[PDB]
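Enquirer: The structure's right below; bear with me while I get my questions together.
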Amino acid sequence: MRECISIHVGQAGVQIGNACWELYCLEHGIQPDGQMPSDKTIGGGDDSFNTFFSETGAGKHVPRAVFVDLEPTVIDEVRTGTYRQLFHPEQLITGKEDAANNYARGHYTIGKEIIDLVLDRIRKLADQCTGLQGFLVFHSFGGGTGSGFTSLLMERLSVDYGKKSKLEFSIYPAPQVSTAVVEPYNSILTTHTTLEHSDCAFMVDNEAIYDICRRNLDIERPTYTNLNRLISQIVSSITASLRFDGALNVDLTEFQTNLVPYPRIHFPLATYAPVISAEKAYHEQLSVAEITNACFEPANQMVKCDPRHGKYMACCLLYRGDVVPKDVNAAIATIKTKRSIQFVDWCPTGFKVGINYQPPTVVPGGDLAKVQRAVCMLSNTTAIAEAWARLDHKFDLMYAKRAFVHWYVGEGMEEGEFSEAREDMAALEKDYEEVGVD
Amino acid sequence: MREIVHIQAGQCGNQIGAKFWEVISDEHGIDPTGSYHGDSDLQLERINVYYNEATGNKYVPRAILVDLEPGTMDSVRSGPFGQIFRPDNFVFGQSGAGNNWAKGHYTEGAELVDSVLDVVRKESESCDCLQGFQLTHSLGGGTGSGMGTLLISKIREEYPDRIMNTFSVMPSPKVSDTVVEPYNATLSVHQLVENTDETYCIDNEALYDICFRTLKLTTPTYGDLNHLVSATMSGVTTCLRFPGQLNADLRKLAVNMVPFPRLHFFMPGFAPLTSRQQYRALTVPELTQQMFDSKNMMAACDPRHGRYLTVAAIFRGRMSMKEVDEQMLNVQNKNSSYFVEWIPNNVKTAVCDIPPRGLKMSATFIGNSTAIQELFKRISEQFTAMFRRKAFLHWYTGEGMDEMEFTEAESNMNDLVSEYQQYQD
Amino acid sequence: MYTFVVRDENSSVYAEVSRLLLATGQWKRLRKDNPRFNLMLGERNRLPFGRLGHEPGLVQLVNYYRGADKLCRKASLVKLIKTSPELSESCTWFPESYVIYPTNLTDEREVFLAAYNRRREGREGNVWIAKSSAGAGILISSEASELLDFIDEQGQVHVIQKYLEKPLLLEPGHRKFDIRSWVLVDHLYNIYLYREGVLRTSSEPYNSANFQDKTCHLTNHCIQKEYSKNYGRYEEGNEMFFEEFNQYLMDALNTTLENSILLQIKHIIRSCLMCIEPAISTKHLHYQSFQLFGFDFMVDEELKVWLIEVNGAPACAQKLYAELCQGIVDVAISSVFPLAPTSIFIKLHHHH
Amino acid sequence: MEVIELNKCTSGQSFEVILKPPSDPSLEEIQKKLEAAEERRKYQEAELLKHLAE
Ligand SMILES: Nc1nc2c(ncn2[C@@H]2O[C@H](COP(=O)(O)OP(=O)(O)OP(=O)(O)O)[C@@H](O)[C@H]2O)c(=O)[nH]1
Ligand SMILES: Nc1ncnc2c1ncn2[C@@H]1O[C@H](COP(=O)(O)OP(=O)(O)CP(=O)(O)O)[C@@H](O)[C@H]1O
Ligand SMILES: Nc1nc2c(ncn2[C@@H]2O[C@H](COP(=O)(O)OP(=O)(O)O)[C@@H](O)[C@H]2O)c(=O)[nH]1
Ligand SMILES: [Ca+2]
Ligand SMILES: [Ca+2]
Ligand SMILES: [Ca+2]
Ligand SMILES: [Mg+2]
Ligand SMILES: [Mg+2]
Ligand SMILES: [Mg+2]
């Protein structure tokens with residue numbers, strides 16, 4: 001057994017992290033007080049769920065997580081919420097005033113004065129790990145803390161934990177729930193400085209989660225709680241292999257080995273199905289082929305884009321529920337004869353399949369209905385570069401006039417860092433095109 | 001606990017500031033004695049933003065009342081909510097400023113400024129995390145204009161990294177007290193361009209026209225004009241006084257509204273505005289149509305003459321947030337020629353469940369429009385009509401000023417106009 | 001009030017469509033860089049499909065199908081036909097073709113020579129043609145050495161296909177011709193065939209003993225009006241329309257345009273568009289697509305129809321701009337953005 | 001359509017299907033960047049105070 005430390009930075013990171021650990025507890029049978037009746041080894045043990053939960057002599061199962069926000073209001077909810085008893089005060093870190101949606105403020109001005117305290121709290125959790133694998137970092141692109149402080153933290157983690165893997169769960173900005181006009185600036189600034197420090201990053205476009213909640217869950221105006229509970233199901237599907245007995249993606253290194261043959265191109269597309277409304281009278285349960293086929297529909301992708309017009313470098317199928325290999329292969333065969341699935345010539349045309357018999361757990365009173373089987377497809381497609389193109393365009397529009405730049409320069413950042421970050425993105429888009437187009 | 005320190009200076013500044021604390025004190029359930037008597041927890045959620053909490057569960061506004069003569073502040077103290085202000089927070093002289101910017105900024109005001117800063121310093125020393133300051137004042141007089149901008153300069157010196165916000169009443173010949181208002185206004189605008197992060201331009205002519213044409217008030221008074229300002233100040237500060245994610249604090253608001261440091265002068269708007277057919281329900285399309293109509297704007301500048309750099313909209317009341325997004329997108333998608341295309345998604349919309357007093361719902365509009373240059377053009381032309389003959393300058397040269405300082409203020413404001421024009425094309 | 005942007009100033013078709021849209025008073029044109037649009041008349045090359053369908057509250061539609069170039073490229077079409085089981089290599093309505101890369105750069109050189117040497121030995125007609133999409137650059141010859149040598153002198157991908165030695169000739173004149181069919185595919189992937197076609201005729205007598213002079217062999221409108229001397233002799237602008245052509249088929253061959261030619265044309269259009277539907281359909285996509293296509297057919301003396309190529313950004317006959325452009329607005333644009341017959345198209349039903 | 005590396009356990013199983021075969025900055029450098037930006041902030045505030053002192 002090897003431990004995984006989760007880090008949640010900013011409002012998005014914290015609130016998403018809160019939804020995941022709620023789900024993790026319900027999946028492993030852990031109560032809000034940290035008690036786990038099924039755990040027969042009191043105060044220890046190297047079971048699969050121990051990669052995310054430590055144990056005290058009193059039998060409490062404590063998440064291996066750190067929450068960081070430059071403002072206290074969001075993390076205060078965790079301190080007084082349902083799961084206030086899971087975490088101890090050392091794990092929850094808050095400042096006094098936030099980064100004001102200003103990358104430079106979170107990275108330089110405020111980041112410099114709190115980075116050592118955060119590393120100190122992380123070191124404590126690392127000291128409890130007999131074989132630390134690495135970190136899972138949750139954050140947004142558009143926030144000043146989520147963008148600016150995360151990149152500073154990722155740089156230091158590479159320094160203090162050189163041989164450790166680092167995975168990201170990043171929230172791509174969407175105006176329908178967007179807070180700031182400068183979020184394209186922050187998104188590109190943080191992608192530039194984080195790119196060399198992240199081994200694998202799962203981007204979630206808020207626009208995609210927003211429309212899934214309206215289309216599939218009939219939520220007219222989704223809230224952050226609606227978005228986060230859906231996001232935590234997908235996150236749970238991606239991390240299940242680290243928390244349960246299995247043989248696929250058993251450690252953080254396997255995510256890179258299986259999903260990222262080229263380092264810079266480390267943004268796999270996630271696709272999830274089925275998402276069924278809980279208010280429905282009663283749905284007709286879908287089969288293995290129908291949920292698998294749904295993994296090739298843009299409407300359930302975490303990032304809206306057209307994978308028919310890119311190329312695949314890897315593809316993982318993660319099933320939960322009543323699934324046997326026979327039905328998986330039968331569905332894949334039928335999808336190869338109906339769908340446009342083009343792999344790069346220097347990669348094998350194949351699918352790594354993982355099946356966990358326990359169907360997805362649903363939060364009591366949540367929005368999602370119980371389903372007998374579900375799947376999450378992770379595919380490294382050049383089509384996700386459409387999201388970089390969209391973002392880089394908005395950046396170009398504002399930066400051409402230097403709009404809002406004085407806010408960044410005023411926090412000590414040099415203007416040249418803008419163009420340095422933009423040129424790196426232009427190189428990223430070019431890499432995708434060299435790999436996907438003919 | 002992100003506290004804001006409020007300052008009101010001069011006649012106009014204290015009369016409008018008085019009504020403001022009257023309106024929001026009613027919204028938060030605070031009575032004239034400082035005791036809370038609401039029925040919703042949302043009222044107290046962000047109450048510490050504007051109110052200090054004293055003994056006995058009393059809420060005292062974090063406000064500093066400043067003037068160079070006692071008259072107007074004597075009225076406030078005897079006014080409706082006069083007892084709610086901290087007695088030590090009244091700082092005033094006896095000389096007056098005689099509508100003379102030089103007196104408020106250099107001579108009379110200088111003698112009193114240090115004592116005002118002692119109170120500001122006292123209020124800030126009790127703030128857990130001071131956001132910044134908001135000042136209410138006029139620009140056509142002596143105290144609010146001249147000493148007001150002096151206060152801002154010395155506040156920015158002591159708190160260089162805090163946000164400085166103002167509600168500035170711009171003079172108009174149609175609602176004028178003295179012929180020197182364009183002099184005082186041009187000298188203040190130069191100060192504001194340098195030392196404020198956000199200035200809400202309230203033009204007294206726009207307020208007059210609204211009271212007359214739209215509200216059907218035959219003979220508008222300053223009191224009528226101040227009703228509109230109170231309501232607008234309540235609308236724009238809703239983001240700060242209640243739970244919300246968008247423009248939640250002063251710095252985040254500035255980051256989203258101010259793409260260039262000098263272009264931080266906003267046109268505010270309010271809806272509805274009804275003449276006493278006052279009980280009719282107002283649909284969301286109507287709120288949106290009015291909110292973007294020039295007749296509902298208080299800068300007396302036609303938005304169709306320029307372009308919006310950024311827009312902040314706040315809807316108040318129990319309504320369909322879905323229908324809000326639709327109508328907002330419809331306005332941008334039906335008039336996208338009036339929004340600059342080099343700032344994507346520059347129109348942000350916020351909702352609040354608590355509506356103003358006596359309204360099922362309302363909408364407040366905050367626009368950073370290049371059309372505001374028309375306001376500075378009017379002032380500049382009125383300034384130059386007198387300055388070319390050096391008319392009425394002796395009032396200022398008698399207080400130590402030189403003509404050069406006027407020439408510089410003039411050029412600086414014309415530069416601001418040229419800056420707004422280059423971004424409109 | 002709908003909004004649209006123009007990003008192809010050289011499009012005669014959509015220049016008229018934009019003109020008609022404004023004439024309705026219910027459409028408003030925006031600057032070519034304004035993202036808040038309902039409809040995009042996009043550029044030909046490098047159309048940013050990735051930026052479409054991400055504007056909250058705007059249903060967005062574009063006049064090009066992403067991925068349709070597979071059908072509208074000389075080399076792509078050959079590769080699509082030989083590799084798609086729906087079309088198969090034994091496809092009987094497409095001339096035997098091969099993809100030949102210049103030697104300065106898969107490649108079907110040897111596969112072509114084997115089929116060529118087979119015809120040379122069997123006494124059969126061995127006249128091939130070379131062409132490419134990078135042309136205004138065509139060569140017709142019976143010797144394989146000339147064809148391949150002509151490609152090596154160039155630097156782009158070429159295609160060598162069989163030259164229809166027995167084309168149907170119009171009388172009087174004894175002259176070649178081709179048929180241009182306009183096909184509109186809407187967002188629902190309905191296939192509408194414009195009722196009006198045009199025959200681009202050669203005003204020169206077809207001569208099968210001299211492929212060096214390419215005036216009586218290439219029916220392009222620019223070649224006839226530039227290098228031909230009988231331009232506009234038999235029909236105005238070398239453009240015979242379906243009414244005249246049909247009457248000719250009845251007086252001379254005792255048959256109709258519908259039975260002898262149009263059935264094959266409708267079958268070819270369906271087969272091509274249905275084949276690529278799974279790859280280009282926008283049925284479940286965040287944006288919608290439609291596109292006007294120009295099919296070019298050949299007719300031999302047996303009244304057998306062959307496909308020559310498909311044009312993705314075609315022009316229209318001067319006499320048919322009004323009718324067709326109005327048809328594009330009705331079934332392609334207004335079907336998605338309704339305004340406040342006897343259709344001019346022939347719906348080609350099919351299974352989605 | 002070959003299935004390889006089939007592993008089975010009480011809680012699930014995994015396998016691989018092959019449809020077709022194929023064809024940093026140091027801690028010192030970070031401190032300098034942070035201190036350099038903090039130095040540019042100090043300079044900009046000093047100029048502002050110098051301006052307000054005039
Ligand atoms: N899916 C999801 N997105 C969120 C959530 N909270 C914020 N966001 C998105 O994150 C972006 C804003 O960044 P925040 O995380 O709120 O900012 P921050 O990291 O706290 O940094 P500060 O500027 O200091 O507040 C916007 O695009 C929001 O839509 C959340 O709970 N769930
Ligand atoms: N295999 C073949 N057999 C007989 N004629 C052929 C032929 N291939 C091409 N042609 C002749 O060439 C002309 C079409 O050329 P092609 O369409 O390939 O070039 P192009 O694309 O530049 C013209 P356009 O796209 O405008 O129709 C036709 O008029 C036809 O007569
Ligand atoms: N809206 C409004 N404007 C006022 C009021 N009182 C004065 N003004 C305007 O403010 C200017 C006069 O400044 P004033 O505040 O009286 O001078 P001060 O006391 O020296 O600051 C003129 O342009 C007046 O039209 C008021 O109560 N409401
Ligand atoms: Ca245990
Ligand atoms: Ca590393
Ligand atoms: Ca004195
Ligand atoms: Mg925050
Ligand atoms: Mg007065
Ligand atoms: Mg062509």
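We name chains A, B, ... following the order of the structure tokens; residues begin at 1 in each chain, and ligands are numbered from 1 as shown.
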Return the neighbours of chain A among the residues of chain C, cut-off 8 Å, counting only C-alpha atoms, as a PyMOL selection string.
Expert: chain C and resi 50-51+56+67+278-279+284-286
Enquirer: Go ahead and save the residues from that selection, with N, CA and C atoms, as an mmCIF file, in the first residue's frame.
Expert:
data_model
loop_
_atom_site.group_PDB
_atom_site.id
_atom_site.type_symbol
_atom_site.label_atom_id
_atom_site.label_comp_id
_atom_site.auth_asym_id
_atom_site.auth_seq_id
_atom_site.Cartn_x
_atom_site.Cartn_y
_atom_site.Cartn_z
ATOM 1 N N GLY C 50 -13.717 24.817 -33.704
ATOM 2 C CA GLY C 50 -13.563 24.626 -32.272
ATOM 3 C C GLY C 50 -14.086 25.766 -31.423
ATOM 4 N N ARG C 51 -14.352 26.923 -32.026
ATOM 5 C CA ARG C 51 -14.871 28.073 -31.300
ATOM 6 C C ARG C 51 -16.382 28.217 -31.415
ATOM 7 N N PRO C 56 -23.117 31.194 -24.516
ATOM 8 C CA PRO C 56 -24.370 30.955 -23.783
ATOM 9 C C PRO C 56 -25.529 31.726 -24.397
ATOM 10 N N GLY C 67 -14.943 18.170 -41.703
ATOM 11 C CA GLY C 67 -14.588 16.849 -42.170
ATOM 12 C C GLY C 67 -15.092 16.491 -43.551
ATOM 13 N N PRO C 278 -21.703 9.455 -40.424
ATOM 14 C CA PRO C 278 -21.286 9.272 -39.025
ATOM 15 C C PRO C 278 -20.105 10.139 -38.624
ATOM 16 N N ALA C 279 -19.269 10.556 -39.574
ATOM 17 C CA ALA C 279 -18.062 11.305 -39.257
ATOM 18 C C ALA C 279 -18.263 12.816 -39.255
ATOM 19 N N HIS C 284 -25.806 15.518 -32.651
ATOM 20 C CA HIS C 284 -25.661 15.640 -31.205
ATOM 21 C C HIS C 284 -24.523 16.582 -30.822
ATOM 22 N N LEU C 285 -24.221 17.549 -31.678
ATOM 23 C CA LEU C 285 -23.100 18.452 -31.471
ATOM 24 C C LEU C 285 -23.582 19.790 -30.917
ATOM 25 N N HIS C 286 -22.673 20.480 -30.223
ATOM 26 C CA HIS C 286 -22.990 21.767 -29.615
ATOM 27 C C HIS C 286 -23.222 22.873 -30.638
#
Enquirer: To check your reading of the model: which residues sit at most 7 Å from ligand 1 when counting only C-alpha atoms and all ligand atoms? Write the answer as a PyMOL selection string.
Expert: chain A and resi 9-13+15-16+69-71+98-102+106+139-147+171-174+177-179+183+206+224-225+227-228
Enquirer: Please dump the current selection as an mmCIF file, in the first residue's frame; keep C-alpha atoms.
Expert:
data_model
loop_
_atom_site.group_PDB
_atom_site.id
_atom_site.type_symbol
_atom_site.label_atom_id
_atom_site.label_comp_id
_atom_site.auth_asym_id
_atom_site.auth_seq_id
_atom_site.Cartn_x
_atom_site.Cartn_y
_atom_site.Cartn_z
ATOM 1 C CA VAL A 9 -6.693 25.074 -3.526
ATOM 2 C CA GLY A 10 -9.201 27.917 -3.706
ATOM 3 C CA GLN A 11 -12.980 27.940 -3.579
ATOM 4 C CA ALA A 12 -13.429 25.566 -6.526
ATOM 5 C CA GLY A 13 -10.789 23.161 -5.223
ATOM 6 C CA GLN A 15 -15.868 22.835 -2.589
ATOM 7 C CA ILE A 16 -15.108 20.088 -5.109
ATOM 8 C CA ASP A 69 -7.704 29.114 0.526
ATOM 9 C CA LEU A 70 -6.436 32.678 0.848
ATOM 10 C CA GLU A 71 -9.848 33.634 2.291
ATOM 11 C CA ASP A 98 -8.054 36.445 -1.338
ATOM 12 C CA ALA A 99 -6.216 36.932 -4.645
ATOM 13 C CA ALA A 100 -9.073 39.003 -6.141
ATOM 14 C CA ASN A 101 -9.136 36.814 -9.273
ATOM 15 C CA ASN A 102 -5.561 38.013 -9.887
ATOM 16 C CA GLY A 106 -2.059 34.574 -5.616
ATOM 17 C CA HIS A 139 -8.251 23.828 -8.292
ATOM 18 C CA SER A 140 -9.827 26.167 -10.829
ATOM 19 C CA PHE A 141 -8.169 27.930 -13.745
ATOM 20 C CA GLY A 142 -9.963 31.259 -13.357
ATOM 21 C CA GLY A 143 -9.496 32.059 -9.677
ATOM 22 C CA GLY A 144 -6.511 33.999 -8.410
ATOM 23 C CA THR A 145 -5.794 31.409 -5.725
ATOM 24 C CA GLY A 146 -6.721 28.372 -7.814
ATOM 25 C CA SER A 147 -4.469 29.604 -10.627
ATOM 26 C CA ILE A 171 -11.851 23.548 -13.614
ATOM 27 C CA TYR A 172 -11.871 25.180 -17.040
ATOM 28 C CA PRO A 173 -13.659 28.566 -16.992
ATOM 29 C CA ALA A 174 -17.175 28.955 -18.395
ATOM 30 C CA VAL A 177 -20.955 30.484 -13.973
ATOM 31 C CA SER A 178 -17.913 32.716 -14.421
ATOM 32 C CA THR A 179 -16.971 35.279 -11.782
ATOM 33 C CA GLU A 183 -10.076 34.303 -16.115
ATOM 34 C CA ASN A 206 -17.869 24.121 -16.227
ATOM 35 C CA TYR A 224 -22.171 24.828 -7.399
ATOM 36 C CA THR A 225 -23.482 21.975 -5.246
ATOM 37 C CA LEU A 227 -21.981 20.795 -10.312
ATOM 38 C CA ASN A 228 -19.672 19.525 -7.573
#
Enquirer: Within 9 Å of ligand 9, counting only C-alpha atoms and all ligand atoms: which residues, as a VMD selection string?
Expert: chain C and resid 72 to 74 132 to 133 135 to 136 294 296 309 to 314
Enquirer: Convert the current residue selection to file output with N, CA and C atoms, as a PDB file, in the first residue's frame.
Expert:
ATOM      1  N   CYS C  72     -14.234  16.209 -50.859  1.00  0.00           N
ATOM      2  CA  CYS C  72     -14.017  17.285 -51.816  1.00  0.00           C
ATOM      3  C   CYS C  72     -12.546  17.485 -52.163  1.00  0.00           C
ATOM      4  N   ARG C  73     -11.699  16.505 -51.873  1.00  0.00           N
ATOM      5  CA  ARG C  73     -10.295  16.534 -52.254  1.00  0.00           C
ATOM      6  C   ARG C  73     -10.017  15.385 -53.210  1.00  0.00           C
ATOM      7  N   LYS C  74      -9.271  15.674 -54.279  1.00  0.00           N
ATOM      8  CA  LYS C  74      -8.956  14.653 -55.272  1.00  0.00           C
ATOM      9  C   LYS C  74      -8.413  13.391 -54.608  1.00  0.00           C
ATOM     10  N   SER C 132      -4.749  17.380 -60.011  1.00  0.00           N
ATOM     11  CA  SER C 132      -4.538  17.626 -58.592  1.00  0.00           C
ATOM     12  C   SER C 132      -5.389  18.812 -58.165  1.00  0.00           C
ATOM     13  N   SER C 133      -5.564  18.945 -56.849  1.00  0.00           N
ATOM     14  CA  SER C 133      -6.341  20.051 -56.302  1.00  0.00           C
ATOM     15  C   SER C 133      -5.582  21.371 -56.328  1.00  0.00           C
ATOM     16  N   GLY C 135      -4.362  22.874 -58.774  1.00  0.00           N
ATOM     17  CA  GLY C 135      -4.360  23.397 -60.127  1.00  0.00           C
ATOM     18  C   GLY C 135      -5.327  24.547 -60.323  1.00  0.00           C
ATOM     19  N   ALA C 136      -5.171  25.277 -61.424  1.00  0.00           N
ATOM     20  CA  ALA C 136      -6.033  26.417 -61.716  1.00  0.00           C
ATOM     21  C   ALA C 136      -7.490  25.982 -61.852  1.00  0.00           C
ATOM     22  N   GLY C 294     -21.047  20.852 -54.806  1.00  0.00           N
ATOM     23  CA  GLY C 294     -21.098  20.806 -56.254  1.00  0.00           C
ATOM     24  C   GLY C 294     -20.543  19.508 -56.805  1.00  0.00           C
ATOM     25  N   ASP C 296     -19.736  16.895 -59.848  1.00  0.00           N
ATOM     26  CA  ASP C 296     -19.404  16.913 -61.269  1.00  0.00           C
ATOM     27  C   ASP C 296     -19.424  15.487 -61.798  1.00  0.00           C
ATOM     28  N   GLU C 309     -15.644  14.538 -59.428  1.00  0.00           N
ATOM     29  CA  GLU C 309     -15.175  15.092 -58.163  1.00  0.00           C
ATOM     30  C   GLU C 309     -16.344  15.791 -57.486  1.00  0.00           C
ATOM     31  N   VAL C 310     -16.126  16.181 -56.233  1.00  0.00           N
ATOM     32  CA  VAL C 310     -17.114  16.902 -55.440  1.00  0.00           C
ATOM     33  C   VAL C 310     -16.489  18.214 -54.990  1.00  0.00           C
ATOM     34  N   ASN C 311     -17.224  19.308 -55.158  1.00  0.00           N
ATOM     35  CA  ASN C 311     -16.762  20.640 -54.791  1.00  0.00           C
ATOM     36  C   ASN C 311     -17.481  21.099 -53.531  1.00  0.00           C
ATOM     37  N   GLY C 312     -16.708  21.548 -52.543  1.00  0.00           N
ATOM     38  CA  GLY C 312     -17.256  21.965 -51.267  1.00  0.00           C
ATOM     39  C   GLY C 312     -17.605  23.438 -51.190  1.00  0.00           C
ATOM     40  N   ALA C 313     -16.974  24.251 -52.032  1.00  0.00           N
ATOM     41  CA  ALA C 313     -17.240  25.690 -52.098  1.00  0.00           C
ATOM     42  C   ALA C 313     -17.533  26.087 -53.540  1.00  0.00           C
ATOM     43  N   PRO C 314     -18.536  25.469 -54.155  1.00  0.00           N
ATOM     44  CA  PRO C 314     -18.790  25.704 -55.577  1.00  0.00           C
ATOM     45  C   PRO C 314     -19.482  27.034 -55.825  1.00  0.00           C
TER      46      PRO C 314
END
Enquirer: Neighbouring residues of residue 33 of chain D were defined as those with any atom within 9 Å, considering only C-alpha atoms; residues of the same chain fewer than 5 positions away were excluded. Please report them as JSON, numbers by chain.
Expert: {"A": [108], "D": [28, 38]}
Enquirer: For the selection just defined, write its residues with C-alpha atoms to a file, as a PDB file, in the first residue's frame.
Expert:
ATOM      1  CA  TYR A 108       3.570  36.403  -5.895  1.00  0.00           C
TER       2      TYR A 108
ATOM      3  CA  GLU D  28      16.850  29.204  -4.828  1.00  0.00           C
ATOM      4  CA  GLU D  38       8.313  41.842  -4.296  1.00  0.00           C
TER       5      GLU D  38
END
Enquirer: Contacts of residue 114 of chain A at 10 Å or less, counting only C-alpha atoms, minus same-chain residues fewer than 4 places along, as a PyMOL selection string?
Expert: chain A and resi 68+70+93-95+106+109-110+118-119+149
Enquirer: Just asking: which residues within segment 98-339 of chain C are helix (DSSP H, G or I) according to DSSP, as number ranges by chain?
Expert: C: 109-121, 144-152, 221-227, 236-238, 242-252, 257-280, 318-333
Enquirer: Kindly provide, as an MDAnalysis selection string, the residues of chain B having any atom no farther than 8 Å from an atom of chain A, counting only C-alpha atoms.
Expert: chainID B and resid 129 245:247 251:252 255:256 258:261 321:322 341:346 348
Enquirer: Keeping only C-alpha atoms, write the selected residues to a file as a compact mmCIF listing (two decimals), in the first residue's frame.
Expert:
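result.txt was written with the following content:
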# COMPACT_ATOMS: atom_id res chain seq x y z
CA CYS B 129 -9.52 43.02 7.45
CA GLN B 245 -20.03 35.29 -5.44
CA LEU B 246 -19.75 38.01 -8.11
CA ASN B 247 -18.15 41.38 -7.28
CA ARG B 251 -10.99 44.70 -5.17
CA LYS B 252 -12.68 41.92 -7.15
CA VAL B 255 -10.50 43.89 -11.23
CA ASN B 256 -13.57 43.08 -13.33
CA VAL B 258 -11.44 48.56 -14.61
CA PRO B 259 -9.40 47.39 -17.64
CA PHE B 260 -7.25 50.55 -17.50
CA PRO B 261 -6.36 52.44 -14.32
CA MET B 321 -32.59 33.42 -12.37
CA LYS B 322 -33.07 31.39 -15.56
CA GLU B 341 -15.54 42.89 -28.77
CA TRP B 342 -12.02 42.76 -27.28
CA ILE B 343 -13.21 41.96 -23.74
CA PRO B 344 -15.06 38.61 -23.93
CA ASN B 345 -18.03 38.13 -21.61
CA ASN B 346 -17.65 41.65 -20.19
CA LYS B 348 -21.59 40.07 -15.47
Enquirer: Can you pull out the residues contacting residue 423 of chain B? Cut-off 10 Å, using only C-alpha atoms, and skip same-chain residues under 5 positions away; I want them as a PyMOL selection string.
Expert: (chain A and resi 401) or (chain B and resi 306-309+340+369-370+418)
Enquirer: Just the strand (DSSP E) stuff from segment 89-179 of chain B, please, per backbone DSSP, written as a PyMOL selection string.
Expert: chain B and resi 90-92+129-138+163-170
Enquirer: Restrict the selected residues to N, CA and C atoms and save them as a short mmCIF file (atom, residue, chain, number, x, y, z; two decimals), in the first residue's frame.
Expert:
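The resulting again_36.cif:
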data_model
loop_
_atom_site.label_atom_id
_atom_site.label_comp_id
_atom_site.auth_asym_id
_atom_site.auth_seq_id
_atom_site.Cartn_x
_atom_site.Cartn_y
_atom_site.Cartn_z
N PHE B 90 -18.26 62.74 14.21
CA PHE B 90 -18.60 64.03 13.63
C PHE B 90 -17.38 64.94 13.76
N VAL B 91 -16.78 65.30 12.63
CA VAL B 91 -15.62 66.19 12.58
C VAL B 91 -16.00 67.37 11.70
N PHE B 92 -15.97 68.58 12.27
CA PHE B 92 -16.42 69.74 11.52
C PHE B 92 -15.71 70.99 12.02
N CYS B 129 -10.17 42.99 8.76
CA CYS B 129 -9.52 43.02 7.45
C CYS B 129 -10.20 44.12 6.63
N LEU B 130 -9.61 45.31 6.67
CA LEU B 130 -10.18 46.47 5.98
C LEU B 130 -10.13 46.28 4.47
N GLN B 131 -11.30 46.29 3.83
CA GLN B 131 -11.35 46.28 2.37
C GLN B 131 -10.84 47.59 1.79
N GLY B 132 -11.43 48.70 2.22
CA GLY B 132 -11.13 49.99 1.64
C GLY B 132 -12.13 51.03 2.12
N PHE B 133 -12.27 52.09 1.33
CA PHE B 133 -13.05 53.25 1.73
C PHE B 133 -14.04 53.62 0.64
N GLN B 134 -15.17 54.20 1.05
CA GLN B 134 -16.12 54.80 0.13
C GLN B 134 -16.45 56.20 0.63
N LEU B 135 -16.39 57.17 -0.26
CA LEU B 135 -16.65 58.57 0.06
C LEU B 135 -17.84 59.06 -0.76
N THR B 136 -18.76 59.76 -0.11
CA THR B 136 -19.85 60.45 -0.78
C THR B 136 -19.59 61.95 -0.71
N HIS B 137 -19.74 62.63 -1.84
CA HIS B 137 -19.43 64.05 -1.91
C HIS B 137 -19.88 64.57 -3.26
N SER B 138 -19.99 65.89 -3.35
CA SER B 138 -20.18 66.58 -4.62
C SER B 138 -18.84 67.15 -5.08
N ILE B 163 -8.63 49.79 -1.37
CA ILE B 163 -9.43 50.29 -2.48
C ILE B 163 -10.14 51.58 -2.08
N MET B 164 -10.05 52.60 -2.93
CA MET B 164 -10.71 53.88 -2.70
C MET B 164 -11.87 54.02 -3.68
N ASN B 165 -13.08 54.12 -3.14
CA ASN B 165 -14.32 54.20 -3.91
C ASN B 165 -15.05 55.48 -3.55
N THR B 166 -15.70 56.11 -4.54
CA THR B 166 -16.46 57.32 -4.28
C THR B 166 -17.76 57.32 -5.07
N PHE B 167 -18.77 57.98 -4.49
CA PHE B 167 -19.98 58.40 -5.19
C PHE B 167 -19.88 59.92 -5.34
N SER B 168 -19.60 60.38 -6.55
CA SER B 168 -19.29 61.78 -6.82
C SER B 168 -20.44 62.41 -7.59
N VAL B 169 -21.04 63.45 -7.00
CA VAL B 169 -22.12 64.20 -7.65
C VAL B 169 -21.49 65.27 -8.53
N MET B 170 -21.72 65.16 -9.85
CA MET B 170 -21.19 66.10 -10.84
C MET B 170 -22.15 67.27 -11.00
#
